[PDB]
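J.: what's the 3D shape of this:
(2 chains)
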Number of protein chains: 2
Amino acid sequence: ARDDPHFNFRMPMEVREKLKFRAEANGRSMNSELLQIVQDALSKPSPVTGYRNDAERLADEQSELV
Amino acid sequence: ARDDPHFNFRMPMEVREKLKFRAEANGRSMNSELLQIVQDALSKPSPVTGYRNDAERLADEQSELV
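T.: Numbering: from 1, shown residues only, chains lettered A, B, ... in the order given. Below you will find the coordinate block:
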């Protein structure tokens, strides 16, 4: 669609229990929690801000593991 | 049998350009990359080495319930 695209995620049993618990366990609803952890995971700050860190690791261990 | 379940994820243009430019931009193919960061995202650390954290960053998990 090229402005808000759909794709199938679509995940092995423990990732979609871990990502959907992280949602239903904690308080986001995975198109919510997947987005707020994913916009978290590779775009980082909601403004507190005592936040500089290895989320520079899901960086260099997804992408120097790869 | 369901040991890999669907949803349609579904992302505003910035998250699917930043999840997919990561991916490369597109060689390791976001069902592939989204999984291999997401498996990185809710299931690292490695004790530094590299690395500890999303600390701080899944404290931005607290933020998005905060």
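J.: contacting residues around the most centrally placed residue in chain A?
T.: The residue lying closest to the centre of chain A (C-alpha atoms, centre = their mean) is residue A:38, at 2.6 Å. Residue A:38 makes contacts with B:11, B:15, B:19, B:34, B:38, B:41, as judged by C-beta atoms under 8 Å, 6 or more residues apart in numbering or on different chains. In short, each C-beta sits where N, CA and C put it, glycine included.
J.: next up, phi/psi of it, please.
T.: phi -90, psi -50 (degrees, to the nearest 10).
J.: hang on, the earlier thing: could you dump the contacts of residue A:38 into TSV with distance to residue B:59 and secondary structure added?
T.: As requested, the contacts of residue A:38 are exported to TSV (distance: C-beta to C-beta, whole Å; DSSP: H, G, I helix; E, B strand; the rest coil):
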residue	distance to residue B:59	secondary structure
B:11	23	coil
B:15	20	helix
B:19	21	helix
B:34	22	helix
B:38	18	helix
B:41	14	helix
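J.: need the contact list for residue A:66.
T.: Taking C-beta under 8 Å, 6+ apart as the test, what residue A:66 contacts is B:28, B:36.
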